[PDB]
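J.: Chains from the complex, first installment, not repositioned:
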Amino acid sequence: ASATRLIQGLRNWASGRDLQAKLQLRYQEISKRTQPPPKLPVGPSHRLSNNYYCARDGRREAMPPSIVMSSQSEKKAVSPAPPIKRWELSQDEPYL
Amino acid sequence: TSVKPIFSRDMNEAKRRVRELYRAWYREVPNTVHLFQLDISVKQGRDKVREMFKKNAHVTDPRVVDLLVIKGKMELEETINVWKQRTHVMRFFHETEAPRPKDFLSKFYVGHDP
Amino acid sequence: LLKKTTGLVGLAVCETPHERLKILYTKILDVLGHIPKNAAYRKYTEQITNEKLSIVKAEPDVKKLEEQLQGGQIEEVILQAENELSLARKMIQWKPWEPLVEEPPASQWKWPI
Amino acid sequence: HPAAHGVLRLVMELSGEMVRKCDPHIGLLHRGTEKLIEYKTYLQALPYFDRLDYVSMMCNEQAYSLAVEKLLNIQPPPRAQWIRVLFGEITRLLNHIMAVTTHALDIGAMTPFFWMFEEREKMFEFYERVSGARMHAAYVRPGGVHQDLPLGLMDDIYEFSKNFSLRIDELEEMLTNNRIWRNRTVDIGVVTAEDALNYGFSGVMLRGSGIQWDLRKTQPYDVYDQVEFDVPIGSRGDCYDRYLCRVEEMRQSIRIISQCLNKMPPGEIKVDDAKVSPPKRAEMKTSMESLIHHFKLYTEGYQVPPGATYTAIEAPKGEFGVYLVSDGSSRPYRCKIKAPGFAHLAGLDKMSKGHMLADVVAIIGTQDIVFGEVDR
Amino acid sequence: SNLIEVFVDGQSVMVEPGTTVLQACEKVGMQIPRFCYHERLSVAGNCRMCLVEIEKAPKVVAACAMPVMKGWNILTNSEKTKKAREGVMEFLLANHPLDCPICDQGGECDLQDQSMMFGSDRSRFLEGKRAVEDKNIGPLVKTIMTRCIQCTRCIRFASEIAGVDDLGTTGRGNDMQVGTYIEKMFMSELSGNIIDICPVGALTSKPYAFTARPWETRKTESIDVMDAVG
Amino acid sequence: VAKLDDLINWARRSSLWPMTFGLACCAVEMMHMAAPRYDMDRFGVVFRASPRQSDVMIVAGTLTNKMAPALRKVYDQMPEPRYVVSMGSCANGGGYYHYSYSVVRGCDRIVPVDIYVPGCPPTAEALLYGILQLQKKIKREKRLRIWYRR
Amino acid sequence: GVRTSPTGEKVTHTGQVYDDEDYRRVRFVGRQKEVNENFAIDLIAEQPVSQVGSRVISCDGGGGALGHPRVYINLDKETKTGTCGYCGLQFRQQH
């Protein structure tokens, strides 16, 4: 931003856009290098009552894998999942 | 005791593969010496191949000797095409290691190796 | 509709999809006839092939076929039918409706050790 | 070789100057990560994942954290999920900048490299402010993230994302409409959908061939289902469509970054289960339980229930997966890394058949390959 | 044979009469948490870690002392068992000092391991902890009674196995200290074994103190040669 | 001969030509140093791909067992004088992969290293500091004075 | 207060000093032996003892969360001063 107005106009013409609106070099507009100290919030289980650990344990709820068929009617043909639905063309920039 | 064969049905076919591998290695030793500019004689390389073949000559399992033949084929393919370097070929000939002691008195003098 | 491209590279558009689909479904039924009746693969593949043949017989429109069959483009449906015919030929080749060839050792699928 | 990515040995049978048989000899950067992982705990094995793909660091961190959290049956707080998605999109922009600029340098246009490496340095400064290291952050951890965002960072992120689209437009003017750049990639490296799926290709390659598949849209993870964005789809399989797809992916990454900055919720940054995530240093020095958990977490490591899983994320190169098998101890039994670069370099033999040598180095460039990831 | 049939988690097992709940659960294959019980010492039952629930019974029993009966179904991992274990860990760590980084039991401590694998992960104690003055019993045991939890393995070992009868518990309530009440040098031929049977870092091997750490050590089995016992 | 030594030390230290030898993360850090933010070319440092026209070599990345003959041959093809700058921790002492089965424990075992740059990856400002330290090492060379004394 | 072994080498605060016949002293020729001149014991020795008005006293080392974990020291004895485990500070009672 330390450049003259004729160089500004020459750059704007040769690039075809307003370069000085969005500069690629940072200036005073950014946040300051020093900040006030924060106060970090607490989680959901920092209570004092009804907070027994056995009712919210994540690791202990893991179960061993369930064996379906083990080697020690006209059932319908099944699939692993319903088929993936057809993708919708984007209404914003369809490129068409 | 019933096992799946790979290439060799019996010991005779595995010995045939071993002889084929030795034939190919004895053929390709002079070209390996000449192409890599190895500074050793042809006899040194050929007797090195003989020494390795006699070193691995204690196996009675057809599958193990078959896998040894396959790995020798891998080494032959990496040697015939220039994928190795001078150092990869020369790694067989240990030239930097000092001769280790073998009798009990010298090993007793050196260290605690049993 | 006569679409110029299907969107996928290396997939030519077929002019008449109904005749090709009917030919493929009749051929896979003929091939699956050789499978013994007690095989589960024959039952399930015959069921889904008859269902797809009924769907392709009932409606004549290409877009409604691609929406009802939900297999994407009709070229993908034709390719899947050809792959299923190849699988059926390999299936009568392999004969996998026989029982277990070998049983695993007692510590083969035990995790953890 | 400058067109080679540092470690590569392409042995080719030049029939005059066209290739008939091309073979990539690799392993010059095989460190053997997957043997060093099993001798270390999960927290110690986390920084090993920063160095596989060293332009997609936080995405590999996210994949490892997702594997460990799927095994541990725990999930991060929503703020941690939004932070992970925002920094994964910044990582995607980093990787796409590096890949496009290095491809243009390897073809011959050497100006956009210097044009956008300062933006890459700006995002490196963002990594510096958020984690403390310019490249290897080790910021995404199992249980969420490691630290909260510092005050005043998001204004810098918003300013940079506001001013980056002009740079994207500048690059797209400088390369897309250039006739010399076009004529290097009209019908070079053409692939078909059947050979895209059968060769194990994932990501842009599939989207180069018209295949509609993206792991962020079909099998979503943490908060990617709460963000609306577009997926570019090519139409010819050439390198031109893949480069256009990467540029459009950069634009959609800017869109996702804006959605992330306008939707960050308040809350904590770790899983409040102190037996997995470490406690805060303020309450460690006051509570006995927090001190015990800090001691045993930083000396032994949290236990993982036994079992094997294979998770997969949409890395900027494609599909990045890990097969993690745990035997119940504090160290993984077997950690295998599935990478897109392995299958891409395997399919390089098929994609480069019938082209001149400069077209082979163009095909090498059009696959975003990092060989630390390839050799693991 | 007079082996009666009991149940652990719905699985039947036959035990001799007089077998405790802890012994039956060990026979099935679960090691019940404990602090004061030792398989080579007399039963004390004064830590309540081993509290498990028998079904169709509205009270938790001490598995280290209570004998089993016919048809008893020991619910080893039900809700109230875990609640009792968490409460016992909260009470145990209520007065424990924050001394893990200066401790010689760190990495080989029963309290830390059982606190992670059974206890909770945060403290509701917002008050001041107790501080017990240290003693000395010789140049073989570094003595820090601030970390003692009054498990009373000291007194049982000194009375039953060592047979010297000089250690005891002086006081009543929260001010009870496990000491000798005098400047008495506790010195026997099996003194250092008390260092092995302290589940906390209250008693430390004095020559070994502040020198190493269990996770960095290599363990090699060997035979003692200083006597003919072998 | 003291002033002529001062001349040729100035000519070599102000026109250093490194070679494009990167292997890993650290290569991307070198490319970040060569960005307009830090601008190696202002110091007389312009990248040259051939070893026959290069002055120094900055080994960036992990030197594996499949890479040691390549690095040794590339170093042996450079004309005198040559300087080697180790970079990162992988090329310093192995770093993260020191105990691995296929990583050379520091590239000192293959080539003689002049300047050690510590980091993982070292910051580009620190790398510029290391290159300036190498320039100051070149400046205090005493070739012609020692030749005159001998 | 560093002490000087008569081989010429300074002695570190851990008490290490190379003997006169040790060959490894040749690593120190043409260079210098770097040793911290701020001895920790001789810097904590002159710190005064604080008299408190209660039986037990809590020490965190100062600064709150910037110090060591808070430890409670008992001053029931009237012979030895209660020294902190982490910081090395010693307290006592005025009685």
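T.: Great, that's in hand. Residues are numbered from 1 along each chain as shown, chains lettered A, B, ... in the order given.

J.: and the gap between the residue of chain A found nearest chain B and chain G?
T.: Nearest residue of chain A to chain B: residue A:71, at 19.8 Å (Cβ to the nearest Cβ). Backbone N, C-alpha and C define where each C-beta goes, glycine included. Noted for residue A:71: a distance of 56 Å to chain G, by Cβ to the nearest Cβ, to the nearest Å.

J.: next one: residue B:85
T.: Going from residue B:85 to chain G by Cβ to the nearest Cβ gives 37 Å.

J.: which residue sits closest to that residue, ignoring its sequence neighbours?
T.: Leaving aside its sequence neighbours, residue B:85 sits nearest to residue F:69 (Cβ to Cβ, 6 or more residues apart in numbering or on different chains; 4.7 Å).

J.: Now do the helix or strand hosting the one you found: everything it contacts.
T.: Using DSSP states H and E, residue F:69 falls within helix F:68-76. With contact meaning Cβ atoms under 8 Å, 6 or more residues apart in numbering or on different chains, helix F:68-76 is reached by B:85-88, D:28, F:19, F:21, F:51, F:57, F:59, F:63, F:82, F:84, F:104, F:107, F:110-111.

J.: Please identify the buried residues of that helix?
T.: Residues of helix F:68-76 classed as buried by neighbour count (16 or more other Cβ atoms under 10 Å in any protein chain shown): F:68, F:70-71, F:74-75.

J.: just to revisit the earlier point, just the buried ones among the contacts of helix F:68-76, please.
T.: Among the contacts of helix F:68-76, those buried by neighbour count (16+ other Cβ under 10 Å) are B:85, D:28, F:19, F:21, F:51, F:57, F:59, F:63, F:82, F:84, F:104, F:107, F:110-111.

J.: for residue 86, helix, strand, or coil?
T.: By default, I'm working from chain A. coil (DSSP: H, G, I helix; E, B strand; the rest coil).

J.: Residue B:64 and residue B:3, how far apart?
T.: From residue B:64 across to residue B:3, the span is 11 Å (Cβ to Cβ, to the nearest Å).

J.: the more surrounded of those two?
T.: The neighbour count for residue B:64 versus residue B:3, taken as other Cβ atoms under 10 Å in any protein chain shown, is higher for residue B:64 (12 against 8).

J.: ok, now chain H:
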Amino acid sequence: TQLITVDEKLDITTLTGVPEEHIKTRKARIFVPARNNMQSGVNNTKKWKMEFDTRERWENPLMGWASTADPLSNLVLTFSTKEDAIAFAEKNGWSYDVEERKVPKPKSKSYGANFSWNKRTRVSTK
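T.: Okay, here's chain H dropped in alongside the others:
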């Protein structure tokens, strides 16, 4: 058929790639590790460990680090029971020393024994 019969002992010393001196001169040890007496948990004595002997560990000339020459000094293998450990030890030609596991004897603990009337098991303090 597609199967052959091999009636010889499995010896794969020639395919593991190990040097000769680390085959005949190394004595492996198969054992159940003893419980650390400072603790009370018995989970660490559940599976069999196969280890090797300890070679020299000298001091480094620089700072006295533990410099070693044995590559097998940190090799610890875990097996479910004894027979697979013996089979793996004899499969690689390693001469092995096997120690049987030591199950503790089930004691007879009585709480009433501390309050006897005509026995020496009366406790002195509680």
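
J.: Please re-evaluate the buried residues of helix F:68-76 in the presence of chain H.
T.: In terms of neighbour count (16+ other Cβ under 10 Å), helix F:68-76 has its buried residues at F:68, F:70-71, F:74-75.

J.: Return the alpha-carbon coordinates of stretch B:62-76 using CSV.
T.: Once non-C-alpha atoms are left out, stretch B:62-76 reads as follows in CSV (Å, rounded to 0.1, in the frame of the first residue of the first chain):
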residue,chain,number,x,y,z
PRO,B,62,11.1,-80.3,-0.7
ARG,B,63,9.3,-77.1,0.2
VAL,B,64,12.3,-75.4,1.9
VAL,B,65,14.7,-76.3,-0.9
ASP,B,66,12.0,-75.1,-3.4
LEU,B,67,11.8,-71.8,-1.7
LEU,B,68,15.6,-71.6,-1.7
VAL,B,69,15.5,-72.2,-5.5
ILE,B,70,12.9,-69.4,-5.8
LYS,B,71,15.0,-67.0,-3.8
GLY,B,72,18.1,-67.9,-5.9
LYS,B,73,16.0,-67.0,-8.9
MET,B,74,15.2,-63.6,-7.4
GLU,B,75,18.9,-63.0,-6.8
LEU,B,76,19.6,-64.1,-10.4
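
J.: Return the helix holding residue F:69 as PDB; C-alpha atoms alone will do.
T.: Extracted as PDB, the C-alpha positions of helix F:68-76 are listed here (Å, rounded to 0.1, in the frame of the first residue of the first chain):
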ATOM      1  CA  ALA F  68      23.500 -44.900   0.800                       C
ATOM      2  CA  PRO F  69      25.300 -45.900  -2.500                       C
ATOM      3  CA  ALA F  70      23.200 -43.200  -4.300                       C
ATOM      4  CA  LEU F  71      24.200 -40.500  -1.900                       C
ATOM      5  CA  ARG F  72      27.800 -41.600  -1.900                       C
ATOM      6  CA  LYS F  73      28.000 -41.600  -5.700                       C
ATOM      7  CA  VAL F  74      26.300 -38.200  -5.900                       C
ATOM      8  CA  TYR F  75      28.700 -36.700  -3.300                       C
ATOM      9  CA  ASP F  76      31.700 -38.300  -5.000                       C
END
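
J.: chain center to it, what's the gap?
T.: Centroid separation for helix F:68-76 versus its chain: 14 Å, with Cα atoms, centre = their mean, to the nearest Å.

J.: then add chain I to what we have above:
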Amino acid sequence: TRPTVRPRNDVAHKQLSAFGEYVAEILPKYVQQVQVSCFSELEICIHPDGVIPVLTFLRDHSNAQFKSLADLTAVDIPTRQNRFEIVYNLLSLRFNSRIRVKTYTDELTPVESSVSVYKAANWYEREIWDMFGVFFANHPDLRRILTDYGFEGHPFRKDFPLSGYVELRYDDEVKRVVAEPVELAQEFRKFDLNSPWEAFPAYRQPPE
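T.: Let me put chain I in with the others:
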């Protein structure tokens, strides 16, 4: 169990179990076990001699369409007599799903290759031979892809040590990079990090 516990899906578990029954009923010649994990991931464990007739089914059946080979992995478990555990990971795009096919092999037992089904395995299982030693039958081009050219031994076996048996250094005596027996300046400190208490009650193996 809301905030810090992973949510559980049961419809996906039911559908994966139904597809596992479907696969185990269509192919009873080779399929041994079918198991669905707690986080909804199907696993099929089959005989090695049925590696190829199963996989092509999962590539060609209209109800499976697992057209992508994601990852191919071998796992070394020295306890079992078949110490190598080959793992195929398959991805189906039409049905948007993932499956795992597992089998076993020892050192000397060959396994039929999968390059006739998935061409990506043309590299993948090749790397397996570079790392473990599992030989694959009828591979087109089988050679080492990761380790050194002169390297002897398979590094990813658990009996192979962390540090190798040879280390490289330059030698001015022969002007060559030579391999010497490994001598580390500092030993790799082995840490005993396993807690001696019972980890999880739900994964308790029955005793002897």
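
J.: try the buried residues of helix F:68-76 again now we have chain I.
T.: Residues of helix F:68-76 classed as buried: F:68-72, F:74-75 (neighbour count, 16+ other Cβ under 10 Å).

J.: does residue E:119 sit in a helix, a strand or a coil?
T.: Recorded secondary structure, residue E:119: coil (three-state DSSP).

J.: Could you look up the SS state of the residue of chain C found nearest chain F?
T.: Residue of chain C nearest chain F, by Cβ to the nearest Cβ: residue C:113 (24.9 Å). Look at residue C:113: counting by three-state DSSP, its state is coil.

J.: and it, how many neighbours?
T.: 19.

J.: right, and it touches residue H:80 too?
T.: Yes - counting by Cβ atoms under 8 Å, residue C:113 touches residue H:80, with 4.8 Å between them.

J.: check contacts around whichever residue of chain E sits closest to chain I.
T.: For chain E, the residue closest to chain I is residue E:29, as judged by Cβ to the nearest Cβ, at 4.6 Å. Residue E:29 makes contact with I:204, I:206-207, according to Cβ under 8 Å, 6+ apart.

J.: beta partners of residue F:19?
T.: Bridge pairing for residue F:19 (DSSP bridges) gives the partners residue F:48.

J.: what's the burial count for the residue in chain I that chain G sits nearest to?
T.: As assessed by Cβ to the nearest Cβ, chain G sits closest to residue I:185 within chain I, at 15.9 Å. As a burial measure, residue I:185 scores 16 neighbours (other Cβ under 10 Å).

J.: show me what contacts residue 58?
T.: I'll assume chain A. Residue A:58 makes contact with D:72-74, D:271, D:273, D:276, I:4-6 under the criterion Cβ under 8 Å, 6+ apart.

J.: looking at chain D here, not the other one
T.: Contacts of residue D:58 were listed using Cβ under 8 Å, 6+ apart, and they are D:84, D:87-88, D:90-91, D:137, D:139-140.

J.: Identify the residues contacting the residue of chain I found nearest chain H.
T.: Closest residue of chain I to chain H, Cβ to the nearest Cβ: residue I:153 (2.6 Å). Residues near residue I:153 by Cβ under 8 Å, 6+ apart: H:16-18, I:160, I:164-165.
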